[PDB]
Each structure stands twice: as C-alpha cells, then as structure tokens.
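Data block below; observations after.
No value in this document is a laboratory result; all are computed from the given coordinates. No Cβ is skipped: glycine too gets one built from the backbone with ideal geometry, and neighbour counts run over all protein chains shown.
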Amino acid sequence: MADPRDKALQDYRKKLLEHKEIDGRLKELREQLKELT
Amino acid sequence: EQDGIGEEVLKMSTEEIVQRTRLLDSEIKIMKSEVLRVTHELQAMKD
C-alpha cells in the first residue's frame, strides 16, 4: 500500500537508529571522562 | 522500509498510531540532550 501514515511509519524507525547512535557517542565521552577520574 | 508496509496501517488502531507519533516527538529531544549533558559534565569535571 501507499498512504501518509506509511511515511510516518518510516520516520518512527529512524529515532531507533538514533537511540543506538547516542549510546555509542555517550560511550566515547565516558572513556575520556574516566581519564579525568 | 520494513515499517513503511501497509500491514501495519491495517493492524494498528488509529488511536495507537496517534499515540505513537506524540511520544517519539518528545523522546528524540532527550536523546540528543544526553550527549550534550555528559559533555557538559566532562568540562565540569576538569574544573
């Protein structure tokens, strides 16, 4: 099918990839934070 | 995409689709911020 909700559905998925992405960036900061510790 | 499928439009009630949209909009804001908060904390830690 094709609908306006289909595009909204596609958009829901991209936040999940960001959720992961942010945990990865946060990890790196944590390694430099450990050096200051 | 996988989610872009029509089966999902049919499967979920309209009350759920509406709810889903509203929650994630708020969610993303917190997600970028966690990088910004920690970074702020790294600079705070050096002082």
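What pairs come out if I take residues in the stretch B:25-47 that are on the phi < 0 side of the Ramachandran plot and among the aliphatic types (A, V, I, L, M) and pair them with residues that are exposed (fewer than 13 other Cβ atoms within 10 Å of the Cβ) and not in a helix (DSSP H, G or I) whose C-beta lies under 9 Å away, six or more apart or interchain?
Between residues of the stretch B:25-47 that are on the phi < 0 side of the Ramachandran plot and among the aliphatic types (A, V, I, L, M) and residues that are exposed (fewer than 13 other Cβ atoms within 10 Å of the Cβ) and not in a helix (DSSP H, G or I), the close pairs are B:45/A:37.
With respect to the numbered conditions (1) under 20 Å from residue A:23 (Cα atoms); (2) not in a helix (DSSP H, G or I), which one is the sole condition not fulfilled by residue B:25?
Only one criterion in (1) under 20 Å from residue A:23 (Cα atoms); (2) not in a helix (DSSP H, G or I) is unmet by residue B:25, namely (2).
Against the condition surrounded by 11 or more Cβ atoms within 10 Å (Cβ to Cβ), within 9 Å of another protein chain (Cβ to nearest Cβ) and in a loop (DSSP other than H, G, I, E, B), how does residue B:1 come out, does it pass?
It is true that residue B:1 is surrounded by 11 or more Cβ atoms within 10 Å (Cβ to Cβ), within 9 Å of another protein chain (Cβ to nearest Cβ) and in a loop (DSSP other than H, G, I, E, B).
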